[PDB]
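Worksheet: one structure, shown below.
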Amino acid sequence: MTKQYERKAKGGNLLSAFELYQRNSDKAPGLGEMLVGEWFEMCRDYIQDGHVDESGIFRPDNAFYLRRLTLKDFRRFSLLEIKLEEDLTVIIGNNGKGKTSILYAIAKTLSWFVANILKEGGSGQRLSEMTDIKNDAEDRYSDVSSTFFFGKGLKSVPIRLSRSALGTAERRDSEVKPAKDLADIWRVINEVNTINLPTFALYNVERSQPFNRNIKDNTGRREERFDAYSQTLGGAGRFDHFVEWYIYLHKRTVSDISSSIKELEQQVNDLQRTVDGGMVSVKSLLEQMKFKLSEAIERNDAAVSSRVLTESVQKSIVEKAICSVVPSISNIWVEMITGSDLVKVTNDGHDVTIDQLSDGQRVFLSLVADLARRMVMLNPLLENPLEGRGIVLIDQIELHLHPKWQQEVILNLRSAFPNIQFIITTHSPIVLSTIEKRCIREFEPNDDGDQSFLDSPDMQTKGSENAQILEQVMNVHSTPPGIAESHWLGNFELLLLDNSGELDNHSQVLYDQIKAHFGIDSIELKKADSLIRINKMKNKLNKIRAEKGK
Amino acid sequence: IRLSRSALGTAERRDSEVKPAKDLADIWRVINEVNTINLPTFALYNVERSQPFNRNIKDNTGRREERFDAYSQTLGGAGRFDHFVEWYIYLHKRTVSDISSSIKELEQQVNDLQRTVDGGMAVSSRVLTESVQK
Amino acid sequence: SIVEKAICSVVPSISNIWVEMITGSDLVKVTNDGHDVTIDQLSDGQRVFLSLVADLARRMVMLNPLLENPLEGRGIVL
């Protein structure tokens, strides 16, 4: 039992090392020591080890991502199997209220990881028998099976979310134990010694909501580290939380750092006068600050050591992230107006507030700022906290985006967050032109909404033109089929060929119908002229070949 | 019509001249108040129409739809799917055997249910019927 | 029909109950002492007893599908 776990740990096994650490940590101090240190050290090294590749991006030795998803009797899927790429997965398809169910299932799966990271024995979201269980199902139960990967030592972390209908003879229960074990390892190792934690986020259509300007001054909870897990899978990123956190960071940077701990300890020296020559009993005047300074020091030792970053560094990192990802925002800063603290950005070279932004820029800023803040809070031991692990789900990545922005949104997201597994849905060919073929899953259901396996397109879509992806992947005509003007060159070609290939009259009315509509320099007129020249040359050919033959 | 506003704290306030629009709308309203005339529809459908809405409009739907209810929320949250489905179901329920006048809701009342037989016995708000409205 | 008969037989004042779909929100109407009135215009005492009887009759009907008279099913009511 112990020997097998020791051998597995020597060969590489996070679970065995954690089990040995847990079993020998309960021993009395001075007895099985060094053993506990070695087991905890190797667990922390498994979680923390990594190398910087040739591109300057930190890469973890053991990456965390979701490998497989199975939806059995879930919503409208009898048995749907999805394979997910380590870096990017894109679900494309017309039926978009069934791509949202896949994202919902993944979010429910990740909620267990989030809950068990936050608290021991926590409970994630549970499947609802009213909506999640398919009514066509004969087994009267549904399950959502996910398999995770956390390096060679932990290849598979299978978690199943099961629900059964009321009155069934047998109950269908979840199997969330392996995910609970992995999150227990994360939480315990972090409690003993700070480690980088994964970031699980979900961004739904409800992302597009109006800003609320004046913002609850609920100070005290936005600075705590585990607030990065607060409402992180709700669908709408907490942008108000980001604004409060950013304002708090700016307040702690512009002041409280030039003086540092200079005037706080001065109150002890000042009140020592009343302690000595005042009243014998003075504890009621100095009952809080005495241990307040000690707890402040034991909290700020992270900010002064190779630990949780300083407020200025976090603010600079989030600023650079926001500027790099959002192509219209140049820089962001906090301004103190009389009686208020506003957040201003340089949008398109002009200084505007957050609520003066357009719907697209503001929504993308909310997404990027929320993700960057969560990574900054959750990765305090990294040179670039944006290179931490995590799984981020985005619904309709192309929402409120111009095609020019769609040409680079995915590239910017992958550049700013190199190690995030992005599972997004889209229906625009411009976004697909920046995504590899292997990362695309076509969702074509049936009349029951039931698909079994999501497929990849036949042609590569990384360097292809937008029209080619539109017509070959989305089955959408490049020209509008419902317009008579789009068939003029095909009608005209038949009319040339009707009379053997010479502009007649039903072909000159058409050629100048095309010239008047499209113009002289249009592509359509060039095609018409080329077709005219080809017809004339082919007729001359036919004459020449007839001369040669006959 | 010019709509003007001045920045906060500015000594002089720019005034919006909206008198001609008021006069044209007054013409419309007065002519309608004498004899029924067709009125223009000014609707705005911003991107907020996709967001879900709700205000316990159930049964609240049952308040005789006045003609000028087409101007309520017309330049705000107009095109909401929920509002459409509740109004459509309500109208279909009233449309089945289209009868309802101010009195004729008491005629379908007795004709459909409790038929008995053996038991005993404005010009400014003119609108089309609810069956030609559906 | 079974629920209607149970409600009319147990509640003294209520004589007949039905659903009105014209005026196109769904409404439940009962005959209180010969006057057709809506379900939210009942008094406290004709509405509480009606709620008790209607709930019990509904649950008995749904839980006893094989009985000729579903109200003759067994159970414990407090």
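Naming scheme: A, B, ... for chains in displayed order of the structure tokens; residues 1 onward per chain; ligands 1 onward as shown.
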
Residues of chain A within 10 Å of chain B: nearest atom pair and distance (Å, one decimal) for each, counting only C-alpha atoms, sorted by chain and number, as a Markdown table?
| residue | atom | partner | partner_atom | distance |
| --- | --- | --- | --- | --- |
| A:205 | CA | B:51 | CA | 8.7 |
| A:206 | CA | B:51 | CA | 7.5 |
| A:208 | CA | B:51 | CA | 8.4 |
| A:209 | CA | B:48 | CA | 8.1 |
| A:210 | CA | B:48 | CA | 8.8 |
| A:359 | CA | B:47 | CA | 8.6 |
| A:400 | CA | B:47 | CA | 9.2 |

If you count only C-alpha atoms, which residues fall within 12 Å of residue 53 in chain B, apart from same-chain ones fewer than 4 positions away, as a PyMOL selection string? chain B and resi 48-49+57+77-84

Write the residues of the preceding selection, restricted to C-alpha atoms, as a compact mmCIF listing (two decimals), in the first residue's frame.
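Written output follows (selection33.txt):
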# COMPACT_ATOMS: atom_id res chain seq x y z
CA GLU B 48 -30.90 45.68 -26.49
CA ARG B 49 -33.94 44.03 -28.12
CA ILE B 57 -47.14 41.36 -18.14
CA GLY B 77 -37.33 48.33 -25.75
CA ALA B 78 -39.86 47.75 -28.52
CA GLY B 79 -39.00 44.48 -30.26
CA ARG B 80 -39.04 41.90 -27.46
CA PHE B 81 -39.83 38.26 -28.23
CA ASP B 82 -41.63 37.63 -24.95
CA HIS B 83 -44.00 40.57 -25.48
CA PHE B 84 -44.74 39.23 -28.95

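If we count only C-alpha atoms, these residues of chain B sit within 10 Å of chain C: residues 58, 59, 60, 61, 62, 63, 64, 86, 87, 89, 90, 91, 92, 93, 94, 95, 96, 97, 98, 99, 100, 105, 106, 108, 109, 112 and 113 of chain B.
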
Residues at most 12 Å from residue 24 in chain B, counting only C-alpha atoms, excluding those fewer than 5 positions away in the same chain, as JSON, numbers by chain? {"B": [1, 18, 19, 29, 30, 31, 39, 40]}

Output N, CA, C and O atoms of each residue in that selection to a file, as a PDB file, in the first residue's frame.
ATOM      1  N   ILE B   1     -36.051  71.003 -36.774  1.00  0.00           N
ATOM      2  CA  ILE B   1     -35.997  70.812 -35.356  1.00  0.00           C
ATOM      3  C   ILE B   1     -34.544  70.610 -34.929  1.00  0.00           C
ATOM      4  O   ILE B   1     -33.837  69.762 -35.495  1.00  0.00           O
ATOM      5  N   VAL B  18     -37.725  73.336 -30.834  1.00  0.00           N
ATOM      6  CA  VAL B  18     -38.544  72.199 -31.218  1.00  0.00           C
ATOM      7  C   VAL B  18     -39.969  72.635 -31.552  1.00  0.00           C
ATOM      8  O   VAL B  18     -40.875  71.815 -31.608  1.00  0.00           O
ATOM      9  N   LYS B  19     -40.166  73.935 -31.765  1.00  0.00           N
ATOM     10  CA  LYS B  19     -41.507  74.453 -32.034  1.00  0.00           C
ATOM     11  C   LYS B  19     -42.134  73.895 -33.308  1.00  0.00           C
ATOM     12  O   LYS B  19     -43.310  73.499 -33.259  1.00  0.00           O
ATOM     13  N   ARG B  29     -52.368  65.428 -34.082  1.00  0.00           N
ATOM     14  CA  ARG B  29     -53.206  65.052 -32.950  1.00  0.00           C
ATOM     15  C   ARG B  29     -54.586  65.690 -33.041  1.00  0.00           C
ATOM     16  O   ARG B  29     -55.593  65.031 -32.769  1.00  0.00           O
ATOM     17  N   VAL B  30     -54.662  66.967 -33.422  1.00  0.00           N
ATOM     18  CA  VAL B  30     -55.951  67.650 -33.486  1.00  0.00           C
ATOM     19  C   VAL B  30     -56.805  67.075 -34.610  1.00  0.00           C
ATOM     20  O   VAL B  30     -57.994  66.775 -34.418  1.00  0.00           O
ATOM     21  N   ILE B  31     -56.214  66.906 -35.796  1.00  0.00           N
ATOM     22  CA  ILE B  31     -56.965  66.339 -36.912  1.00  0.00           C
ATOM     23  C   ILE B  31     -57.466  64.947 -36.554  1.00  0.00           C
ATOM     24  O   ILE B  31     -58.611  64.593 -36.862  1.00  0.00           O
ATOM     25  N   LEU B  39     -51.658  57.668 -38.525  1.00  0.00           N
ATOM     26  CA  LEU B  39     -50.543  58.348 -37.890  1.00  0.00           C
ATOM     27  C   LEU B  39     -49.225  57.653 -38.216  1.00  0.00           C
ATOM     28  O   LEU B  39     -49.182  56.428 -38.378  1.00  0.00           O
ATOM     29  N   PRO B  40     -48.132  58.405 -38.328  1.00  0.00           N
ATOM     30  CA  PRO B  40     -46.829  57.782 -38.574  1.00  0.00           C
ATOM     31  C   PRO B  40     -46.350  56.991 -37.365  1.00  0.00           C
ATOM     32  O   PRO B  40     -46.700  57.286 -36.222  1.00  0.00           O
TER      33      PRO B  40
END

Residues of chain C in helix (DSSP H, G or I), written as a list in words: residues 2, 3, 4, 5, 6, 7, 8, 9, 10, 48, 49, 50, 51, 52, 53, 54, 55, 56, 57, 58, 59, 60, 61, 62, 63, 70, 71 and 72 of chain C

Given the selection you just returned, output its residues as a file containing N, CA, C and O atoms, formatted as an mmCIF file, in the first residue's frame.
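Wrote it out as selection.cif, contents follow:
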data_model
loop_
_atom_site.group_PDB
_atom_site.id
_atom_site.type_symbol
_atom_site.label_atom_id
_atom_site.label_comp_id
_atom_site.auth_asym_id
_atom_site.auth_seq_id
_atom_site.Cartn_x
_atom_site.Cartn_y
_atom_site.Cartn_z
ATOM 1 N N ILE C 2 -63.998 14.501 -12.483
ATOM 2 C CA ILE C 2 -63.896 13.995 -11.117
ATOM 3 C C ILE C 2 -63.529 15.118 -10.158
ATOM 4 O O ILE C 2 -64.117 15.251 -9.074
ATOM 5 N N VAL C 3 -62.556 15.949 -10.541
ATOM 6 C CA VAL C 3 -62.152 17.056 -9.680
ATOM 7 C C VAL C 3 -63.292 18.056 -9.521
ATOM 8 O O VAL C 3 -63.530 18.579 -8.425
ATOM 9 N N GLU C 4 -64.015 18.337 -10.610
ATOM 10 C CA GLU C 4 -65.155 19.244 -10.530
ATOM 11 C C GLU C 4 -66.206 18.718 -9.565
ATOM 12 O O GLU C 4 -66.722 19.460 -8.721
ATOM 13 N N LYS C 5 -66.542 17.429 -9.679
ATOM 14 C CA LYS C 5 -67.548 16.847 -8.800
ATOM 15 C C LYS C 5 -67.100 16.892 -7.346
ATOM 16 O O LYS C 5 -67.895 17.220 -6.458
ATOM 17 N N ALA C 6 -65.830 16.576 -7.084
ATOM 18 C CA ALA C 6 -65.326 16.625 -5.716
ATOM 19 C C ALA C 6 -65.414 18.034 -5.146
ATOM 20 O O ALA C 6 -65.885 18.240 -4.020
ATOM 21 N N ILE C 7 -64.971 19.029 -5.923
ATOM 22 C CA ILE C 7 -64.971 20.406 -5.445
ATOM 23 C C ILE C 7 -66.394 20.879 -5.175
ATOM 24 O O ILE C 7 -66.671 21.505 -4.145
ATOM 25 N N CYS C 8 -67.321 20.578 -6.088
ATOM 26 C CA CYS C 8 -68.701 21.011 -5.900
ATOM 27 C C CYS C 8 -69.363 20.297 -4.725
ATOM 28 O O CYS C 8 -70.184 20.892 -4.018
ATOM 29 N N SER C 9 -69.025 19.026 -4.502
ATOM 30 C CA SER C 9 -69.677 18.267 -3.440
ATOM 31 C C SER C 9 -69.152 18.643 -2.059
ATOM 32 O O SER C 9 -69.921 18.669 -1.092
ATOM 33 N N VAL C 10 -67.856 18.932 -1.937
ATOM 34 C CA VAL C 10 -67.301 19.204 -0.613
ATOM 35 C C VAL C 10 -67.538 20.651 -0.208
ATOM 36 O O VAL C 10 -68.065 20.929 0.878
ATOM 37 N N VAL C 48 -59.814 29.156 1.123
ATOM 38 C CA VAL C 48 -58.904 28.252 1.819
ATOM 39 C C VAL C 48 -59.419 26.815 1.752
ATOM 40 O O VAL C 48 -58.667 25.880 1.450
ATOM 41 N N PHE C 49 -60.711 26.623 2.029
ATOM 42 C CA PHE C 49 -61.297 25.292 1.946
ATOM 43 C C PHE C 49 -61.278 24.784 0.514
ATOM 44 O O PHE C 49 -61.011 23.601 0.268
ATOM 45 N N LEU C 50 -61.556 25.668 -0.445
ATOM 46 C CA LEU C 50 -61.468 25.284 -1.846
ATOM 47 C C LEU C 50 -60.048 24.876 -2.209
ATOM 48 O O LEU C 50 -59.849 23.896 -2.931
ATOM 49 N N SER C 51 -59.051 25.615 -1.723
ATOM 50 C CA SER C 51 -57.662 25.258 -1.998
ATOM 51 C C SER C 51 -57.333 23.885 -1.436
ATOM 52 O O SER C 51 -56.731 23.048 -2.122
ATOM 53 N N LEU C 52 -57.739 23.626 -0.192
ATOM 54 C CA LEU C 52 -57.476 22.325 0.419
ATOM 55 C C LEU C 52 -58.115 21.202 -0.389
ATOM 56 O O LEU C 52 -57.450 20.225 -0.758
ATOM 57 N N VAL C 53 -59.412 21.335 -0.685
ATOM 58 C CA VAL C 53 -60.132 20.273 -1.378
ATOM 59 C C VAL C 53 -59.584 20.077 -2.785
ATOM 60 O O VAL C 53 -59.405 18.943 -3.239
ATOM 61 N N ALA C 54 -59.315 21.173 -3.496
ATOM 62 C CA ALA C 54 -58.813 21.077 -4.862
ATOM 63 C C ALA C 54 -57.435 20.435 -4.903
ATOM 64 O O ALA C 54 -57.173 19.575 -5.751
ATOM 65 N N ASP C 55 -56.541 20.837 -3.997
ATOM 66 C CA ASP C 55 -55.214 20.235 -3.954
ATOM 67 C C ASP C 55 -55.297 18.748 -3.642
ATOM 68 O O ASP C 55 -54.652 17.925 -4.305
ATOM 69 N N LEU C 56 -56.101 18.381 -2.638
ATOM 70 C CA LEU C 56 -56.223 16.972 -2.285
ATOM 71 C C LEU C 56 -56.807 16.165 -3.436
ATOM 72 O O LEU C 56 -56.318 15.074 -3.749
ATOM 73 N N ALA C 57 -57.846 16.694 -4.087
ATOM 74 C CA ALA C 57 -58.461 15.985 -5.201
ATOM 75 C C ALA C 57 -57.486 15.832 -6.356
ATOM 76 O O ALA C 57 -57.406 14.760 -6.963
ATOM 77 N N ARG C 58 -56.721 16.879 -6.667
ATOM 78 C CA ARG C 58 -55.738 16.783 -7.743
ATOM 79 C C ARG C 58 -54.701 15.710 -7.443
ATOM 80 O O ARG C 58 -54.390 14.875 -8.301
ATOM 81 N N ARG C 59 -54.146 15.723 -6.229
ATOM 82 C CA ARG C 59 -53.116 14.744 -5.892
ATOM 83 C C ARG C 59 -53.673 13.327 -5.910
ATOM 84 O O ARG C 59 -53.020 12.401 -6.408
ATOM 85 N N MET C 60 -54.890 13.137 -5.386
ATOM 86 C CA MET C 60 -55.508 11.814 -5.400
ATOM 87 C C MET C 60 -55.780 11.341 -6.823
ATOM 88 O O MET C 60 -55.596 10.156 -7.134
ATOM 89 N N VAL C 61 -56.242 12.239 -7.693
ATOM 90 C CA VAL C 61 -56.511 11.872 -9.079
ATOM 91 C C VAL C 61 -55.223 11.486 -9.793
ATOM 92 O O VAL C 61 -55.175 10.486 -10.520
ATOM 93 N N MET C 62 -54.155 12.263 -9.593
ATOM 94 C CA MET C 62 -52.898 11.977 -10.276
ATOM 95 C C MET C 62 -52.232 10.714 -9.745
ATOM 96 O O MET C 62 -51.566 10.003 -10.507
ATOM 97 N N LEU C 63 -52.391 10.415 -8.457
ATOM 98 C CA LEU C 63 -51.711 9.274 -7.860
ATOM 99 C C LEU C 63 -52.500 7.975 -7.951
ATOM 100 O O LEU C 63 -51.962 6.921 -7.598
ATOM 101 N N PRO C 70 -60.764 7.851 -8.276
ATOM 102 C CA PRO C 70 -59.429 8.086 -7.705
ATOM 103 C C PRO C 70 -59.451 8.601 -6.280
ATOM 104 O O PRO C 70 -58.466 8.412 -5.556
ATOM 105 N N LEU C 71 -60.536 9.250 -5.849
ATOM 106 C CA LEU C 71 -60.616 9.750 -4.484
ATOM 107 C C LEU C 71 -60.709 8.636 -3.452
ATOM 108 O O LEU C 71 -60.556 8.908 -2.257
ATOM 109 N N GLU C 72 -60.957 7.400 -3.878
ATOM 110 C CA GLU C 72 -60.991 6.257 -2.980
ATOM 111 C C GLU C 72 -59.618 5.630 -2.775
ATOM 112 O O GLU C 72 -59.529 4.525 -2.232
#

Considering only C-alpha atoms, return as a list in words whatever protein or nucleic-acid residues lie within 9 Å of range 33-42 of chain C, sequence-local ones (same chain, fewer than 5 positions apart) excluded.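 What passes the distance filter is residues 13, 14, 15, 16, 27, 28 and 47 of chain C.
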
Take the residues from that selection and write them out as a PDB file, in the first residue's frame, keeping N, CA and C atoms.
ATOM      1  N   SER C  13     -70.602  26.393  -0.671  1.00  0.00           N
ATOM      2  CA  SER C  13     -71.062  27.516  -1.481  1.00  0.00           C
ATOM      3  C   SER C  13     -70.785  27.318  -2.967  1.00  0.00           C
ATOM      4  N   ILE C  14     -69.691  26.649  -3.313  1.00  0.00           N
ATOM      5  CA  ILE C  14     -69.306  26.490  -4.711  1.00  0.00           C
ATOM      6  C   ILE C  14     -70.179  25.420  -5.351  1.00  0.00           C
ATOM      7  N   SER C  15     -70.805  25.770  -6.475  1.00  0.00           N
ATOM      8  CA  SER C  15     -71.732  24.886  -7.166  1.00  0.00           C
ATOM      9  C   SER C  15     -71.193  24.341  -8.478  1.00  0.00           C
ATOM     10  N   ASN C  16     -70.335  25.088  -9.168  1.00  0.00           N
ATOM     11  CA  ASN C  16     -69.766  24.633 -10.426  1.00  0.00           C
ATOM     12  C   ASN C  16     -68.516  25.448 -10.719  1.00  0.00           C
ATOM     13  N   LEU C  27     -58.590  32.137 -16.852  1.00  0.00           N
ATOM     14  CA  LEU C  27     -59.229  32.443 -15.581  1.00  0.00           C
ATOM     15  C   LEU C  27     -60.075  31.259 -15.138  1.00  0.00           C
ATOM     16  N   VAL C  28     -60.082  31.001 -13.835  1.00  0.00           N
ATOM     17  CA  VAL C  28     -60.923  29.970 -13.239  1.00  0.00           C
ATOM     18  C   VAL C  28     -62.087  30.653 -12.540  1.00  0.00           C
ATOM     19  N   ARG C  47     -62.144  30.214  -0.020  1.00  0.00           N
ATOM     20  CA  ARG C  47     -60.961  30.040  -0.850  1.00  0.00           C
ATOM     21  C   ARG C  47     -59.945  29.111  -0.204  1.00  0.00           C
TER      22      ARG C  47
END

Closest to residue 198 in chain A among A:375, A:293, A:169, A:91, using only C-alpha atoms? A:375

Got a sec to tell me which of range 3-73 of chain C DSSP assigns to strand (DSSP E or B), as a ChimeraX atom specification? /C:14-20,27-32,35-38

Residue contacts of range 381-398 of chain A (6 Å, only C-alpha atoms) excluding same-chain residues fewer than 3 positions away, as an MDAnalysis selection string: chainID A and resid 198:204 307 375:376 401 417:426

Those same residues, written as a PDB file, in the first residue's frame with N, CA and C atoms?
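Writing done, so here's out29.pdb:
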ATOM      1  N   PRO A 198      -5.733  27.325 -11.574  1.00  0.00           N
ATOM      2  CA  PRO A 198      -6.362  27.447 -12.891  1.00  0.00           C
ATOM      3  C   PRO A 198      -7.522  28.432 -12.876  1.00  0.00           C
ATOM      4  N   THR A 199      -7.827  28.957 -14.057  1.00  0.00           N
ATOM      5  CA  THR A 199      -8.887  29.945 -14.234  1.00  0.00           C
ATOM      6  C   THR A 199      -9.978  29.361 -15.120  1.00  0.00           C
ATOM      7  N   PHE A 200     -11.149  29.138 -14.538  1.00  0.00           N
ATOM      8  CA  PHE A 200     -12.313  28.640 -15.260  1.00  0.00           C
ATOM      9  C   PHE A 200     -13.298  29.784 -15.421  1.00  0.00           C
ATOM     10  N   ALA A 201     -13.641  30.104 -16.668  1.00  0.00           N
ATOM     11  CA  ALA A 201     -14.530  31.217 -16.957  1.00  0.00           C
ATOM     12  C   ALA A 201     -15.502  30.830 -18.061  1.00  0.00           C
ATOM     13  N   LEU A 202     -16.683  31.445 -18.028  1.00  0.00           N
ATOM     14  CA  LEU A 202     -17.699  31.254 -19.056  1.00  0.00           C
ATOM     15  C   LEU A 202     -18.284  32.606 -19.430  1.00  0.00           C
ATOM     16  N   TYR A 203     -18.344  32.883 -20.732  1.00  0.00           N
ATOM     17  CA  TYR A 203     -18.866  34.140 -21.260  1.00  0.00           C
ATOM     18  C   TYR A 203     -19.979  33.814 -22.246  1.00  0.00           C
ATOM     19  N   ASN A 204     -21.215  34.100 -21.857  1.00  0.00           N
ATOM     20  CA  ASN A 204     -22.398  33.789 -22.639  1.00  0.00           C
ATOM     21  C   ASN A 204     -22.845  35.014 -23.431  1.00  0.00           C
ATOM     22  N   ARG A 307       6.087  36.521  -4.195  1.00  0.00           N
ATOM     23  CA  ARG A 307       4.739  36.049  -3.898  1.00  0.00           C
ATOM     24  C   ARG A 307       3.770  36.986  -4.611  1.00  0.00           C
ATOM     25  N   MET A 375      -6.794  36.097 -14.003  1.00  0.00           N
ATOM     26  CA  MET A 375      -5.492  35.452 -14.143  1.00  0.00           C
ATOM     27  C   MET A 375      -4.448  36.138 -13.276  1.00  0.00           C
ATOM     28  N   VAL A 376      -4.532  37.464 -13.151  1.00  0.00           N
ATOM     29  CA  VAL A 376      -3.588  38.192 -12.308  1.00  0.00           C
ATOM     30  C   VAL A 376      -3.750  37.773 -10.855  1.00  0.00           C
ATOM     31  N   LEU A 401     -18.832  42.634 -33.352  1.00  0.00           N
ATOM     32  CA  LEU A 401     -17.489  42.818 -33.886  1.00  0.00           C
ATOM     33  C   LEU A 401     -17.556  43.104 -35.380  1.00  0.00           C
ATOM     34  N   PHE A 417      -3.226  35.043 -23.895  1.00  0.00           N
ATOM     35  CA  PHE A 417      -3.463  33.941 -22.965  1.00  0.00           C
ATOM     36  C   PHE A 417      -2.966  32.661 -23.623  1.00  0.00           C
ATOM     37  N   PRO A 418      -1.647  32.450 -23.641  1.00  0.00           N
ATOM     38  CA  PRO A 418      -1.097  31.322 -24.414  1.00  0.00           C
ATOM     39  C   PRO A 418      -1.539  29.953 -23.929  1.00  0.00           C
ATOM     40  N   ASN A 419      -1.751  29.773 -22.626  1.00  0.00           N
ATOM     41  CA  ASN A 419      -1.983  28.449 -22.058  1.00  0.00           C
ATOM     42  C   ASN A 419      -3.437  28.204 -21.678  1.00  0.00           C
ATOM     43  N   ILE A 420      -4.347  29.091 -22.061  1.00  0.00           N
ATOM     44  CA  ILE A 420      -5.771  28.863 -21.856  1.00  0.00           C
ATOM     45  C   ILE A 420      -6.305  27.952 -22.951  1.00  0.00           C
ATOM     46  N   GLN A 421      -7.046  26.924 -22.552  1.00  0.00           N
ATOM     47  CA  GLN A 421      -7.823  26.133 -23.498  1.00  0.00           C
ATOM     48  C   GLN A 421      -9.106  26.895 -23.800  1.00  0.00           C
ATOM     49  N   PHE A 422      -9.223  27.398 -25.024  1.00  0.00           N
ATOM     50  CA  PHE A 422     -10.364  28.202 -25.434  1.00  0.00           C
ATOM     51  C   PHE A 422     -11.356  27.311 -26.163  1.00  0.00           C
ATOM     52  N   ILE A 423     -12.584  27.260 -25.664  1.00  0.00           N
ATOM     53  CA  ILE A 423     -13.659  26.514 -26.302  1.00  0.00           C
ATOM     54  C   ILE A 423     -14.727  27.541 -26.647  1.00  0.00           C
ATOM     55  N   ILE A 424     -14.790  27.926 -27.917  1.00  0.00           N
ATOM     56  CA  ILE A 424     -15.634  29.019 -28.371  1.00  0.00           C
ATOM     57  C   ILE A 424     -16.606  28.496 -29.421  1.00  0.00           C
ATOM     58  N   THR A 425     -17.664  29.269 -29.643  1.00  0.00           N
ATOM     59  CA  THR A 425     -18.617  29.020 -30.714  1.00  0.00           C
ATOM     60  C   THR A 425     -18.701  30.256 -31.598  1.00  0.00           C
ATOM     61  N   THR A 426     -18.870  30.038 -32.899  1.00  0.00           N
ATOM     62  CA  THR A 426     -18.927  31.137 -33.849  1.00  0.00           C
ATOM     63  C   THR A 426     -19.739  30.706 -35.059  1.00  0.00           C
TER      64      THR A 426
END

Quick check, in Å to one decimal: how far apart do CA of residue 298 in chain A and CA of residue 285 in chain A lie? 22.8 Å

If we count only C-alpha atoms, what is near range 325-327 of chain A at a cut-off of 7 Å, once residues fewer than 5 positions away on the same chain are taken out, given as an mmCIF file with C-alpha atoms, in the first residue's frame?
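This is the output file part.cif:
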data_model
loop_
_atom_site.group_PDB
_atom_site.id
_atom_site.type_symbol
_atom_site.label_atom_id
_atom_site.label_comp_id
_atom_site.auth_asym_id
_atom_site.auth_seq_id
_atom_site.Cartn_x
_atom_site.Cartn_y
_atom_site.Cartn_z
ATOM 1 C CA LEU A 365 -13.206 45.119 -22.894
ATOM 2 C CA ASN A 412 -5.101 38.425 -29.962
ATOM 3 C CA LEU A 413 -6.808 36.123 -27.452
ATOM 4 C CA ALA A 416 -2.438 37.253 -24.593
#

Contacts of residue 126 in chain B within 9 Å, only C-alpha atoms, excl. fewer than 3 positions in-chain, as JSON, numbers by chain: {"B": [36, 66, 67, 122, 123]}

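One distance worth recording is that between CA of residue 439 in chain A and CA of residue 197 in chain A, which is 25.7 Å.
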
Between CA of residue 405 in chain A and CA of residue 324 in chain A, measure the distance and give it in Å to one decimal.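 One can read the CA of residue 405 in chain A to CA of residue 324 in chain A distance as 12.9 Å.
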